[PDB]
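Reviewing the structure listed below.
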Amino acid sequence: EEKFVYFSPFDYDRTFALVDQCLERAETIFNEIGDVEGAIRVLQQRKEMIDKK
Amino acid sequence: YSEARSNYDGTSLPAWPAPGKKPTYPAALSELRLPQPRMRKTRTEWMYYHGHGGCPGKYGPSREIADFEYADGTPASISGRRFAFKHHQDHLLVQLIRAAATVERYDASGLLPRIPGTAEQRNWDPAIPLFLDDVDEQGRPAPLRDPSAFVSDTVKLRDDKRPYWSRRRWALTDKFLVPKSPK
Amino acid sequence: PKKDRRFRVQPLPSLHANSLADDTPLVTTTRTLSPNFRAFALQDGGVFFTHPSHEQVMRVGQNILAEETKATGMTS
Amino acid sequence: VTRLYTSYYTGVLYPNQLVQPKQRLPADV
Amino acid sequence: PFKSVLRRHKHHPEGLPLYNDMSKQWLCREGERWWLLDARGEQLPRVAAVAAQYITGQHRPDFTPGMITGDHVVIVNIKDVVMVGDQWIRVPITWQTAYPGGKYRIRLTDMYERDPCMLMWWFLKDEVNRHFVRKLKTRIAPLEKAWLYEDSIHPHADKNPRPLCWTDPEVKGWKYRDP
Amino acid sequence: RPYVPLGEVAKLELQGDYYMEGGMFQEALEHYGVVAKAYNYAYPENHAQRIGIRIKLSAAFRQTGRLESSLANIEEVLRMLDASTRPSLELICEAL
Amino acid sequence: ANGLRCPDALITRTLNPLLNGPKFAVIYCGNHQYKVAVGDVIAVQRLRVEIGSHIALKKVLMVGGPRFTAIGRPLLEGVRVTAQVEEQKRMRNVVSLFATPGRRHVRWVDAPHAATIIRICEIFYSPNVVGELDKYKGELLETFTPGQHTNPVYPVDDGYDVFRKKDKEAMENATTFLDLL
Amino acid sequence: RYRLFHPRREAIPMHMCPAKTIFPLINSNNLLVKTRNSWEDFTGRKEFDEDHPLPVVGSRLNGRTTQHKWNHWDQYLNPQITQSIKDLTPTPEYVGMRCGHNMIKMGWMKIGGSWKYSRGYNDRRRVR
Amino acid sequence: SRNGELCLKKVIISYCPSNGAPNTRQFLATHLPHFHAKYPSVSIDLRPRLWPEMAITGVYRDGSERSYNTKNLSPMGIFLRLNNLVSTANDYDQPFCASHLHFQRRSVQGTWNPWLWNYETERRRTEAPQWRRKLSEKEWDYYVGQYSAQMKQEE
Amino acid sequence: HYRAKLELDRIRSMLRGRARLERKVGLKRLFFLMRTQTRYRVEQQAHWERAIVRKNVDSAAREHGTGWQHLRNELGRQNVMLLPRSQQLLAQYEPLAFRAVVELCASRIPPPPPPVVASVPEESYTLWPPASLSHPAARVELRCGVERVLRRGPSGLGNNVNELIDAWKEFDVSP
Amino acid sequence: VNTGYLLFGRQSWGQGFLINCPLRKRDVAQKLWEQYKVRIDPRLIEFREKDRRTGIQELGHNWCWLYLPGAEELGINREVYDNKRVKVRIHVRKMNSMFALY
Amino acid sequence: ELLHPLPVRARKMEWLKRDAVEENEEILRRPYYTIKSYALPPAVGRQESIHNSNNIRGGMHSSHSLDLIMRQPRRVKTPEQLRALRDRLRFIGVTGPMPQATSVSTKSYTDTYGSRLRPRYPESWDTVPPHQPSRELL
Amino acid sequence: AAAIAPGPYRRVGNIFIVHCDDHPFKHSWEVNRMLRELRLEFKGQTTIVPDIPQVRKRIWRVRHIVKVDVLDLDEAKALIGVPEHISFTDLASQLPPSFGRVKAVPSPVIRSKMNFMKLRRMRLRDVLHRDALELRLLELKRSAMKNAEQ
Ligand SMILES: [Mg+2]
């Protein structure tokens, strides 16, 4: 397990976690109001964030 | 400024009595079931008493309290050892809670026996009673209508000697015996 | 294995078993300057001792010396 | 042998334990 | 080398120094005080112990092993010193001369015949050597701070020896255990 | 800086968000109240831990039904992030 | 220093001048206890502190002046010991050398001992005293008077013991002054 | 005395840590559990303030570290930095030359080590 | 850092701008401005040269030089040896021992001298029933009572 | 085999003639010396030095008519926790304080009570709610916390507890 | 009880052949129950004169006496060696810390 | 070989080992459980009577405050009060649903701030939070 | 009142605090196996174990090493501030399994792969998070393109 050591990004930078659930909340609100383009924009930004990490 | 705590809350007993009354003192006797040795408490026992381990450097106030503040009151930081110590200190609690949980679901499931000790302890020790139900323990029932009377424990401290100060009792007390070392 | 050469503490008078009873400390110090050390009780549970200073104690020593040597005079 | 960690055990020194600085907003902005 | 090969010797006419009069780095006489030990009735070995510790400098709180600072003990009345039971008659003093015939086994009584003072000197030697053997200057230097006078007449009135008030805590008589 | 026993109030603060995380908000609110008075006194203008704890305090007000109080507090947090030299990139994110 | 405090006034005015002048403290730091003066410099085991910082020390075992001594049972409250971090450095190498006679393996282990070197600035003390404390009989003495000895002390000569060793007669009859007056 | 009589209740004093440590609010009614549940999961020291930064002083996991040689991932991303032949290191599974002795029945021994157990090794080396 | 003043004055950093061994150039790039902004008082002099000395060097305010070998050492390590340069006044190396914990010895009350506790003698808690004393009448009666008692039982 | 020739080659100056002149002889001397002192330091001097410390504290007690044998016990009893090294420092550099310790021991002054088991408040057992409020146990423990905040030194927070609890109402905008 | 011979083993330090934890009447009666399944009141046991003062305490062959109280009701005579007594035979063997107790 | 006798205090300590062992086995012969009522104090009947007569006369022991907790009446005196307290108790970190039919718009910490985000704790010596929340999910 | 207490009656067990006073390398491997089951390694270690019969079967065999103390569960509830209406079963149900040295696994290799799997579940947690996001984004784009074309 010394070769497989993994550290989750939701720990070592809290900024990423913050912006992540930030966008999750945003996306939920977009689902409730009925904005499709907005929701797609938000999930795209979130995906790009996570694989940037 | 400075910190003195014996407790997590910081509380204590009322360390000083009312003026003009008698103080309560700790028992100085080492805590032992047998009354006869009567032995004063060791320094180590006094440290066990006062809420340390045996040593000044464990479990007391001398660990839990930060070595230093800053001037403005900004406290210290968490050492690897501090965090490890907190883990140990919670390891004791987890241990205790799990043990208690096991006891509780054991007497929920009803596996706690009404007979004290295991079978190995039962056939080692003639203290634990025989738990026989419908018979008397010793043969058949005793009639309903003092061992020491015939048992002699009298320790003879000084061995009685042979009367050389009397001529007749010297030869009348003669022991006819030949010393033999084992071959 | 070698003989132990570390320094040994002197033997100390044996207790009469009175010490075993609680409220009786087994340190017996009742000495000349004893009454001057005044004990006060802090709120902490710690104590507070009031004592004469260094030069006061030594001045007392000097007075006792002079007072023992007033008779026969002072030797070198 | 296997450790039970029954007694007190100090942690290991390991690179995840580095003191990681906080990101700062730039000066001009 | 540091310590020289040409060394002060007993046959060498320069003679052997007295550490009381010597001035050396590890010898401090400034803060010493004089004691008076009356040996009437007290056991020889015990007196030897107490004297050894005043002499050595161990009775001080600031005592340091390499720094020899003693108090002068005037041990008075060696003649009245009490050795318990048969011991005067039974306790050996053994030394080995290097030559054919290496045994002198000599009773306390004989040493007491020759000099009473030598008995106290002997047990002082023992109680000092119990903590210091491996260096000669640490063995020999303390012993000269004993003044052994076998009765109540001593030259030392001028030092005003303070009576050393001591009671032996040990209840039982001394016991000779030497392998 | 003026002496405040920050160790004690910090302990108080983490007890605070244990209360908040534990699903009881009113009590986290009073806790943060105490500690925020402490930081308000101990630190200079627009310091990081000051605005930090009133971020937490806005969060506490918001959960208990004092919404407008939360709004006011968080806007004050914003205008304090405004006047800071170089604020933490984490704090501005958490704030907004 | 904020002065000593007690519900009794006489004891406060008595012990107020008692606390003035240089104070030494006994400090527990990293399992090492230190005698601490105002201008003293200590080397404590490594503290994680920026250089030139300003520090208060929490664990304080004992505090005393030329006049008073406050003995902490295990610790004291109210003590302000303010020091200043001066250096952080590794001190003179202790070289340990491990070699087994049977094996050809030699291990050279250097131990520079890391340390934080501390200069001290203030020692202030402000106790809260409850009352006068009788030490021969255990009690809190209710009324306090300075002039009378709390526990008076008596000489040992009965005449009963012939073999009691006589220390000089001026040592045995010596009465000691009243300090608090 | 080394035989001590006292309840072993004090070998583990609980005075210092109540359940308020592991259960943050237990005097209330919710049983939240905050346990720091290993010695491994320590994230690190971090500052209480901006005002009092944590000092920079190194350990042997810090102070003794060599310069970075380009591995195979860094030369895959950015071929710009493959500048010379030393960057051309082979498959990482290659450790180096055989640096020691495979001594039968005792481990891999060291060159310039204890040869006491080499009898079998020496005899095997020269060759129902 | 004594009385609000850093004891370090110069840091000598020599390096080769074109040749090889990038670590020092890394250090100049990413870790140096973080050091200079934190400790502004320390004059850092850079020495570009063809065959560079690969050691870092501090110069202190008593005229003391202190140096650390940086050859193929990571810039993290170099940064750390630098911060090790600042944190020392370079005055001494005392061992860490019990006698070296306190740099100078001081007594607030005073030092023990043989004569301060010398003139004290042992004392008694409660005052003595002196052997030679004039017996009161109750005392006469009690003691004569005792003597007559033991004489009576003996006879 | 590593014998550490290249470090110890620099030390020879501390050896006398035959060893400082010829290399191998000197290296054997230094290897021997350092291994010896290492061994000794780890297992023995620890005992020698604490023996010295015990001796000093004991004699310092002897001046006061008692000894180490009682003093140890009653520094244990009254929960003072002075290490013997510190007792030596007090005996040598502050005789009056050491004396004060000795007469704290010899007095009958009750030693401090054993540390208290942390106890449940009564208000934990009050059901909440009974039938925008705080659990009473929570506000009581809040009280207990604020008091210990006000307990450490003087501060600009004041000494009055109540309004310091109620301090959350000053950050509250009244609707 | 007399036919049976109760094996006993313990730890011995020092020079002559002594047990550093001497026997008493509560653990003689214990061995009886442990290997002979004989249940008696331990106060019926009496030691030898030499062993009353120190306990049993010596290595090797020791004997002790058990008082069997009631029989003249049963007319027990000449079919036993004596009507009130059994020689309880103990053998104490020294064993190391591995195999011994106490 | 072993030549000189064992000193007296050594075998004294060995005797102390013996009755330490015995002290253990007495504990082992105590029952597995104890039948207690609801309203009485937890220490009513107790095995320590002779232990209290022998060691406990006037001296204050280390277990004092705890014993003071024992020698007062139980604070939950009836089963109805027990279940009336116990039903009120809530479990925060529990797995699965939690009843909310009462008021919907009171949000817990999790459905506000998510499962991956803990609040920033002030981190210092005497306040030490759990580090690395992602570890504990086994 | 010279009468039996009115019941409902509760049954409260015990808890053994076990302390190791002797070196285990002095003793046989069976005694050592028993000490291992009591979770004691060295001299000076202290452990808390249940009062169930098996444990007594273990403590009986090592009693010349171990010294024991007993706490019934009311006393254990007292030793730690624990409200009495709260049992230990719920308290055990709250605390995480992920606690250090969680299981007794039979050999060190298995231990190693237990920790390894602990890390693997972390990686799969984050990967499944991201992949779930990709899934939902894919569905939003699908519904968007379908609603846009139609
Ligand atoms: Mg050591």
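How things are named: the first chain in the structure tokens is A, the next is B, and so on; residues count from 1 in each chain; ligands count from 1 in the order shown.
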
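All residues of protein, DNA or RNA that reach within 9 Å of residue 112 of chain L, judged by only C-alpha atoms and not counting those fewer than 4 positions away in the chain, are residues 25 of chain A; 107 and 108 of chain L.
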
At most 8 Å from ligand 1 (only C-alpha atoms and all ligand atoms): residue list as number ranges by chain: J: 41-43, 45-46

List as a compact mmCIF listing (two decimals) with C-alpha atoms, in the first residue's frame the protein and nucleic acid residues near residue 51 of chain C, meaning an atom at most 6 Å away when only C-alpha atoms are counted, but skip any in the same chain fewer than 3 places from it.
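So result39.txt came out as:
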# COMPACT_ATOMS: atom_id res chain seq x y z
CA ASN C 36 9.27 32.05 60.24
CA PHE C 37 8.12 30.12 57.22
CA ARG G 67 11.13 37.03 50.30
CA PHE G 68 8.15 34.85 49.24

Distance-based interface of chain F with chain B, 8 Å, counting only C-alpha atoms, as an NGL selection string: :F and (1-7)

Sel. of strand (DSSP E) residues, chain I, as a PyMOL selection string: chain I and resi 8-15+43-48+55-60+65-69+123-124

Exercise: segment 87-95 of chain B partners within 9 Å, only C-alpha atoms, chain neighbours under 5 positions left out, as an mmCIF file with C-alpha atoms, in the first residue's frame:
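result_21.cif, written as the output of this step:
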data_model
loop_
_atom_site.group_PDB
_atom_site.id
_atom_site.type_symbol
_atom_site.label_atom_id
_atom_site.label_comp_id
_atom_site.auth_asym_id
_atom_site.auth_seq_id
_atom_site.Cartn_x
_atom_site.Cartn_y
_atom_site.Cartn_z
ATOM 1 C CA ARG B 82 0.122 15.381 19.882
ATOM 2 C CA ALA B 100 -19.258 -2.590 27.138
ATOM 3 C CA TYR D 5 -0.619 -0.481 19.115
ATOM 4 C CA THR D 6 -1.957 -1.158 22.619
ATOM 5 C CA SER D 7 0.505 1.221 24.207
ATOM 6 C CA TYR D 8 1.175 4.770 23.057
ATOM 7 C CA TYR D 9 2.581 5.018 19.539
ATOM 8 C CA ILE H 12 -5.742 4.410 32.521
ATOM 9 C CA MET H 14 -10.026 9.004 32.355
ATOM 10 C CA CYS H 17 -10.547 12.763 28.549
ATOM 11 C CA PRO H 18 -14.317 12.453 28.985
ATOM 12 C CA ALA H 19 -16.741 11.389 26.241
ATOM 13 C CA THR H 21 -13.747 14.510 23.452
ATOM 14 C CA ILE H 22 -14.877 11.675 21.186
ATOM 15 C CA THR H 35 -12.820 10.617 16.458
ATOM 16 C CA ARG H 36 -9.396 11.159 15.078
ATOM 17 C CA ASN H 37 -9.286 7.556 14.039
ATOM 18 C CA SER H 38 -5.671 6.899 13.184
ATOM 19 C CA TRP H 39 -2.143 8.095 13.728
ATOM 20 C CA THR M 47 -6.112 -2.933 28.073
ATOM 21 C CA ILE M 48 -9.864 -2.901 28.565
ATOM 22 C CA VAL M 49 -11.730 -6.159 27.912
ATOM 23 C CA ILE M 80 -16.881 8.951 31.546
ATOM 24 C CA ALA M 92 -20.727 1.484 19.555
ATOM 25 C CA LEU M 95 -18.147 5.024 16.164
ATOM 26 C CA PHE M 99 -10.449 2.926 13.522
ATOM 27 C CA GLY M 100 -6.780 1.954 13.582
#

Interface, chain J side, toward chain F (10 Å; only C-alpha atoms) as a ChimeraX atom specification: /J:132-136,138-139,142,145-146,148-157,163-175

Convert the current residue selection to file output with C-alpha atoms, as a compact mmCIF listing (two decimals), in the first residue's frame.
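The file below, result_35.txt, is the result:
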# COMPACT_ATOMS: atom_id res chain seq x y z
CA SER J 132 -35.46 28.68 18.21
CA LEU J 133 -34.29 27.63 21.69
CA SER J 134 -31.13 26.03 23.12
CA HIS J 135 -30.70 22.72 24.95
CA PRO J 136 -30.15 23.78 28.57
CA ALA J 138 -25.53 23.26 26.02
CA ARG J 139 -25.96 26.75 27.44
CA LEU J 142 -21.31 27.39 27.37
CA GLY J 145 -16.54 27.62 28.98
CA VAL J 146 -16.89 31.39 29.09
CA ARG J 148 -12.66 29.64 31.98
CA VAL J 149 -12.09 32.13 29.17
CA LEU J 150 -12.46 34.95 31.70
CA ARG J 151 -10.33 33.03 34.17
CA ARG J 152 -7.02 33.36 32.29
CA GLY J 153 -5.38 36.70 33.00
CA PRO J 154 -6.94 40.15 32.51
CA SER J 155 -8.45 40.95 29.09
CA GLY J 156 -10.54 43.56 27.29
CA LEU J 157 -13.44 41.10 27.35
CA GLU J 163 -23.66 39.74 28.49
CA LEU J 164 -20.57 37.98 27.18
CA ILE J 165 -22.81 34.96 26.59
CA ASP J 166 -25.39 37.25 25.05
CA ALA J 167 -22.75 38.80 22.81
CA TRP J 168 -24.31 37.16 19.74
CA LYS J 169 -27.14 39.69 19.84
CA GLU J 170 -24.86 42.61 18.96
CA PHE J 171 -24.03 41.04 15.59
CA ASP J 172 -27.75 40.62 15.05
CA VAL J 173 -29.64 43.06 12.83
CA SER J 174 -33.07 43.70 14.35
CA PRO J 175 -35.85 43.22 11.74

Residues of chain G at most 8 Å from chain E: nearest atom pair and distance in Å, only C-alpha atoms, as JSON lines:
{"residue": "G:165", "atom": "CA", "partner": "E:165", "partner_atom": "CA", "distance": 5.5}
{"residue": "G:166", "atom": "CA", "partner": "E:165", "partner_atom": "CA", "distance": 6.8}
{"residue": "G:167", "atom": "CA", "partner": "E:163", "partner_atom": "CA", "distance": 5.7}
{"residue": "G:168", "atom": "CA", "partner": "E:163", "partner_atom": "CA", "distance": 7.2}

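Using only C-alpha atoms, one finds that the residues of chain J close to chain H, at 8 Å or less, are residues 1, 2, 115, 116, 117, 118, 120, 121, 124, 135, 137 and 138 of chain J.
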
Residue neighbourhood residue 109 of chain L, 7 Å, only C-alpha atoms, exclusion window fewer than 4 positions, as a PyMOL selection string: (chain F and resi 21+23) or (chain L and resi 113)

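If you take only C-alpha atoms and a cut-off of 7 Å, the residues of chain G that reach chain C are residues 66, 67, 68, 69, 70, 71, 72, 73, 76, 77, 127, 128, 129, 130, 131, 132, 133, 134, 135, 149, 150, 151, 152, 153, 170, 171, 176 and 179 of chain G.
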
Those same residues, written as a CSV table (one decimal), in the first residue's frame with C-alpha atoms?
chain,number,residue,atom,x,y,z
G,66,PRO,CA,14.0,36.8,47.8
G,67,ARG,CA,11.1,37.0,50.3
G,68,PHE,CA,8.1,34.8,49.2
G,69,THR,CA,8.0,31.3,47.8
G,70,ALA,CA,4.9,30.0,46.1
G,71,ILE,CA,5.1,26.2,45.7
G,72,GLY,CA,2.8,24.9,43.1
G,73,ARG,CA,1.1,21.7,43.8
G,76,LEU,CA,0.3,27.4,39.4
G,77,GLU,CA,-2.3,29.8,38.1
G,127,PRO,CA,-1.8,35.0,43.4
G,128,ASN,CA,-5.3,34.7,45.0
G,129,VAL,CA,-4.6,33.9,48.6
G,130,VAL,CA,-7.4,32.4,50.7
G,131,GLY,CA,-6.0,32.6,54.3
G,132,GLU,CA,-3.3,32.0,56.8
G,133,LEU,CA,-2.5,28.3,57.1
G,134,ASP,CA,-1.6,26.5,60.4
G,135,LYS,CA,1.2,24.1,59.5
G,149,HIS,CA,4.1,33.2,65.3
G,150,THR,CA,1.6,31.0,63.7
G,151,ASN,CA,3.4,28.0,65.2
G,152,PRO,CA,5.9,28.7,68.0
G,153,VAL,CA,8.9,26.4,68.3
G,170,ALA,CA,23.9,29.3,72.3
G,171,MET,CA,22.7,27.1,69.4
G,176,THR,CA,14.2,33.9,66.2
G,179,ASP,CA,9.8,38.7,60.2

Spatial neighbours of residue 8 of chain L, 12 Å, only C-alpha atoms, chain gap at least 3 places, as a VMD selection string: (chain K and resid 13 to 14 20 to 21) or (chain L and resid 5 11 to 15)

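Picture a line from atom CA of residue 89 of chain G to atom CA of residue 88 of chain J; it runs 27.8 Å.
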
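Proximity to chain C was assessed for L:135, L:78, L:2, L:60 counting only C-alpha atoms; the smallest distance is recorded for L:60.
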
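Residues in contact with residue 55 of chain M at up to 10 Å, not including ones fewer than 2 positions away on its chain and judged by only C-alpha atoms, are residues 118 of chain B; 16, 34, 37, 38, 49, 50, 51, 52, 53, 57, 58, 59 and 60 of chain M.
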
Residues from last step as file, N, CA and C atoms, as a short mmCIF file (atom, residue, chain, number, x, y, z; two decimals), in the first residue's frame:
data_model
loop_
_atom_site.label_atom_id
_atom_site.label_comp_id
_atom_site.auth_asym_id
_atom_site.auth_seq_id
_atom_site.Cartn_x
_atom_site.Cartn_y
_atom_site.Cartn_z
N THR B 118 -14.89 -20.02 34.69
CA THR B 118 -14.92 -21.05 33.66
C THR B 118 -14.74 -22.43 34.28
N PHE M 16 -13.29 -5.66 32.57
CA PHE M 16 -11.99 -5.88 33.16
C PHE M 16 -10.93 -4.94 32.62
N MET M 34 -2.22 -16.41 25.04
CA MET M 34 -3.29 -15.87 25.87
C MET M 34 -3.11 -14.37 26.07
N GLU M 37 -4.17 -12.63 23.00
CA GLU M 37 -5.62 -12.55 22.86
C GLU M 37 -6.20 -11.47 23.75
N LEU M 38 -5.46 -11.13 24.80
CA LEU M 38 -5.86 -10.07 25.72
C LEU M 38 -5.33 -8.74 25.23
N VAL M 49 -11.07 -5.01 28.53
CA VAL M 49 -11.73 -6.16 27.91
C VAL M 49 -13.06 -6.49 28.59
N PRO M 50 -13.95 -7.20 27.88
CA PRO M 50 -15.26 -7.56 28.45
C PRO M 50 -15.23 -8.65 29.53
N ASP M 51 -16.34 -8.80 30.26
CA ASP M 51 -16.47 -9.81 31.32
C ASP M 51 -17.05 -11.15 30.85
N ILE M 52 -17.26 -11.30 29.55
CA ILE M 52 -17.80 -12.53 29.01
C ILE M 52 -16.90 -13.72 29.36
N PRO M 53 -17.47 -14.95 29.39
CA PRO M 53 -16.77 -16.14 29.88
C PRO M 53 -15.44 -16.45 29.21
N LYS M 57 -11.72 -17.06 30.73
CA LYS M 57 -10.95 -18.25 30.39
C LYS M 57 -9.54 -17.84 30.04
N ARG M 58 -9.38 -16.66 29.44
CA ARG M 58 -8.05 -16.18 29.10
C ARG M 58 -7.30 -15.60 30.30
N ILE M 59 -7.99 -14.82 31.12
CA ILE M 59 -7.36 -14.12 32.23
C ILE M 59 -6.96 -15.10 33.32
N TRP M 60 -7.69 -16.20 33.43
CA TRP M 60 -7.37 -17.19 34.45
C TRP M 60 -6.00 -17.81 34.22
#

Residue hits in chain M, query chain L, radius 7 Å, only C-alpha atoms, as a compact mmCIF listing (two decimals) with N, CA and C atoms, in the first residue's frame:
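Output below, filename out.txt:
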# COMPACT_ATOMS: atom_id res chain seq x y z
N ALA M 5 -36.20 -4.71 46.75
CA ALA M 5 -36.44 -3.56 45.90
C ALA M 5 -37.51 -3.86 44.86
N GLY M 7 -39.14 -4.27 41.53
CA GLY M 7 -38.60 -4.28 40.19
C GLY M 7 -39.43 -3.96 38.97
N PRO M 8 -38.91 -3.10 38.09
CA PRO M 8 -38.33 -3.66 36.87
C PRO M 8 -36.89 -3.96 37.32
N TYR M 9 -36.22 -5.01 36.88
CA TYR M 9 -34.82 -5.15 37.31
C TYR M 9 -33.92 -5.15 36.09
N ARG M 10 -32.80 -4.45 36.16
CA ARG M 10 -31.86 -4.44 35.05
C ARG M 10 -30.63 -5.27 35.40
N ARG M 11 -30.07 -5.94 34.40
CA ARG M 11 -28.88 -6.75 34.59
C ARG M 11 -27.66 -6.01 34.06
N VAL M 12 -26.72 -5.71 34.94
CA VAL M 12 -25.52 -4.98 34.54
C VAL M 12 -24.26 -5.83 34.69
N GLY M 13 -23.53 -5.99 33.59
CA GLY M 13 -22.34 -6.83 33.58
C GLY M 13 -21.12 -6.12 34.13
N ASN M 14 -19.94 -6.62 33.78
CA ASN M 14 -18.70 -6.02 34.25
C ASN M 14 -17.71 -5.83 33.12
N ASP M 51 -16.34 -8.80 30.26
CA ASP M 51 -16.47 -9.81 31.32
C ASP M 51 -17.05 -11.15 30.85
N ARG M 56 -12.59 -14.50 30.70
CA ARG M 56 -12.17 -15.04 31.98
C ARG M 56 -11.37 -16.31 31.76
N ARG M 63 -3.13 -15.08 34.94
CA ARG M 63 -3.30 -14.33 36.19
C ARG M 63 -2.01 -14.06 36.98
N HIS M 64 -0.92 -14.77 36.69
CA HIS M 64 0.33 -14.52 37.41
C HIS M 64 1.18 -13.43 36.75
N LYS M 67 -2.56 -8.01 36.26
CA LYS M 67 -3.37 -7.60 37.40
C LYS M 67 -4.66 -6.94 36.92
N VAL M 68 -5.76 -7.24 37.61
CA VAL M 68 -7.09 -6.94 37.10
C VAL M 68 -7.86 -5.95 37.97
N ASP M 74 -22.55 0.59 35.17
CA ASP M 74 -23.04 1.84 35.74
C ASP M 74 -21.84 2.68 36.10
N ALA M 78 -20.32 6.06 34.66
CA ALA M 78 -19.94 7.14 35.56
C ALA M 78 -18.52 7.64 35.28
N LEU M 79 -17.62 6.72 34.96
CA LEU M 79 -16.20 7.04 34.77
C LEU M 79 -15.97 8.05 33.65
N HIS M 85 -29.29 7.51 30.25
CA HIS M 85 -30.34 7.04 29.35
C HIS M 85 -29.74 6.55 28.04
N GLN M 94 -22.34 4.11 16.69
CA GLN M 94 -21.94 5.40 16.13
C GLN M 94 -20.49 5.43 15.65
N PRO M 96 -16.85 4.79 14.11
CA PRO M 96 -16.51 4.23 12.80
C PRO M 96 -15.67 2.97 12.93
N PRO M 97 -15.88 2.01 12.02
CA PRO M 97 -15.09 0.78 11.86
C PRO M 97 -13.67 1.06 11.39
N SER M 98 -13.46 2.27 10.90
CA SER M 98 -12.23 2.60 10.20
C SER M 98 -11.10 2.91 11.17
N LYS M 118 -8.46 -0.37 1.34
CA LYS M 118 -8.91 0.88 1.94
C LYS M 118 -8.57 2.06 1.03

At most 7 Å to chain A: residues in chain L, only C-alpha atoms, as a ChimeraX atom specification: /L:114,116-117,132,134

Requested write-out: C-alpha atoms of the selected residues, as a compact mmCIF listing (two decimals), in the first residue's frame:
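So part.txt came out as:
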# COMPACT_ATOMS: atom_id res chain seq x y z
CA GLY L 114 -22.31 18.11 1.37
CA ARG L 116 -17.08 15.94 1.43
CA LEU L 117 -16.88 19.25 3.27
CA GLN L 132 -8.54 13.70 6.65
CA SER L 134 -11.84 10.70 3.47
